[PDB]
Amino acid sequence: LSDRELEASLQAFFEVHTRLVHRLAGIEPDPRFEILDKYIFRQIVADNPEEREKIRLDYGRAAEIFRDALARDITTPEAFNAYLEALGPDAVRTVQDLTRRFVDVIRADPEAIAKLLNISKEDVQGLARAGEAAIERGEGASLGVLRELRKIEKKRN
């Protein structure tokens, strides 16, 4: 019913989304990815309220796709892409739309994300840049964003 209840009901998505992306990257979980993921979802549904059930079911559909990807231990974008293409055009479109909204939210409100994560506006634009570049390479935006988050954290020390 409410936005927070939508996000909670999608708990399985955020779990399989962060686990799949970190499997692709081959690294230990960075909790800040799932924080970002959840904020981005909250923003999409708050900005597109007339569309919230469509957004909800797309994430729920993405959850199954990602879950099945993990069950096969997909570890590269290429293997994931072939799996997704075998699933069919609707599975492709579901993930592509989810990815595209992901980067677009980061790029459209970098100040809010920079506060959320206590990083700079430049850093958040760097995340959007890395997401676009991964989309360009066929990698999906979440993986570029995760890698760039790890790079930003490298500057702590």
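Residue numbers start at 1 and run along the sequence shown. Quick note: numbers below take in every heavy atom, side chains included, and nothing from hydrogens, waters or symmetry partners.
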Closest heavy-atom pair and its distance - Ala25, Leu146: CB-CD2, 3.9 Å
Atom CD of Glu53: over 12 foreign heavy atoms under 6.0 Å: yes
Salt-bridge present (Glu15, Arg19; N to O < 4.0 Å): yes
Heavy atoms, side chains only, cut-off 4.5 Å: are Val95 and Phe80 in contact? yes
Between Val45 and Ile55, what is the shortest heavy-atom contact and its length? CG1-CG2, 3.8 Å
Could you please spell out the steps behind the side-chain contact (heavy atoms from CB on, under 4.5 Å) verdict for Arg107 and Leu127? CA-CA 8 Å; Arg107 166 168 295 108; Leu127 297 168; over 6 Å; no
So if you build clusters from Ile, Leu, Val, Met, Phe, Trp, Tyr with side-chain heavy-atom gaps below 4.5 Å, do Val16 and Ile35 land together? yes
Just how far is it from atom CZ of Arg32 to atom CZ of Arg150, taken to the nearest 0.5 Å? 9.0 Å
Value for CG (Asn81) from CD (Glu139), rounded to nearest 0.5 Å, stands at 9.5 Å
Would you please test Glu5 and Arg56 for salt bridge (charged side-chain N to carboxylate O under 4.0 Å, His left out) and show each step? CA-CA 11 Å; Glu5 289 173 302; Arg56 192 212 52 79; over 6 Å; no
If you draw a 6.0 Å radius around CD in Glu111, do more than 12 non-hydrogen atoms from other residues or ligands fall strictly inside? yes
Greater than 12 external heavy atoms within 6.0 Å of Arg52's CZ: yes
Where do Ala141 and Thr99 come nearest, in terms of heavy atoms and distance? N-CG2, 3.4 Å
Please report the closest heavy-atom contact between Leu24 and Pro77, naming both atoms and the distance. CD2-N, 4.0 Å
For a 4.5 angstrom cut-off between non-hydrogen side-chain atoms, does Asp97 reach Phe102? no
Do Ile27 and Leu70 land in one hydrophobic cluster if side-chain heavy atoms of ILVMFWY residues count as linked below 4.5 Å? yes
Atom pair CZ (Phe13) and OG1 (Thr18), whose distance is rounded to the nearest 0.5 Å: 10.0 Å
Does the side chain of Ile152 come within less than 4.5 Å of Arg147's, by heavy atoms? no
Calculate, to the nearest 0.5 Å, the distance between atoms CD and CD belonging to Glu34 and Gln11 respectively. 9.0 Å
Intermediate values then yes/no, side-chain contact (heavy atoms from CB on, under 4.5 Å), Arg100 and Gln96: CA-CA 6 Å; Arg100 169 46 58 193; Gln96 267 169 180; over 6 Å; no
Quick one, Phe41 with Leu6, criterion side-chain contact (heavy atoms from CB on, under 4.5 Å). Give me CA distance, side-chain angles, the key distance, then yes/no. CA-CA 9 Å; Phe41 164 85; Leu6 281 190; 3.8 Å; yes
Would you mind reporting whether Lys115 and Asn118 have side-chain heavy atoms less than 4.5 Å apart? no
Cluster question for you: counting only ILVMFWY and a side-chain heavy-atom cut-off of under 4.5 Å, with indirect links fine, are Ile135 and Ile40 together? no
Of all heavy-atom pairs between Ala91 and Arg61, which one has the smallest distance, and what is that distance? CB-NH2, 4.2 Å
Within a reach of under 6.0 Å around CG of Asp73, are more than 12 heavy atoms found that belong to other residues, nucleotides or ligands? yes
Measure the acute angle between the ring planes of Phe14 and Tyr59, then classify it against the limits of 30° and 60° as parallel, tilted or perpendicular. tilted
Same cluster for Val124 and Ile44 if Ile/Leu/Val/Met/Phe/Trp/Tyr side chains link at under 4.5 Å? yes
For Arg156 and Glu153: C-alpha separation, side-chain torsions, deciding distance, then whether salt bridge (charged side-chain N to carboxylate O under 4.0 Å, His left out) applies. CA-CA 6 Å; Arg156 293 181 57 88; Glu153 190 167 297; 5.7 Å; no
Looking at every heavy atom in both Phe33 and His17, which two are closest together, and how far apart are they? CZ-CE1, 3.8 Å
Close side-chain approach of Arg42 and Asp47, heavy atoms under 4.5 Å: no
Side-chain heavy atoms under 4.5 angstrom apart, residues restricted to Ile, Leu, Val, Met, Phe, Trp, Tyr: same cluster for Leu149 and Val103? no
Working to the nearest 0.5 angstrom, can you tell me the gap between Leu87 CG and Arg93 CZ? 12.5 Å
To the nearest 0.5 Å, what is the distance between OG on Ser142 and CG on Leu98? 7.0 Å
Can you confirm whether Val145 sits close enough to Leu36 that some side-chain heavy atom of one is under 4.5 Å from a side-chain heavy atom of the other? yes
Where the side chain of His22 meets the backbone of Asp30, is there a donor-acceptor pair that is under 3.5 Å apart? yes
Steps toward side-chain contact (heavy atoms from CB on, under 4.5 Å) verdict (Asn48, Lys54): CA-CA 10 Å; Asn48 310 271; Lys54 165 64 173 167; over 6 Å; no
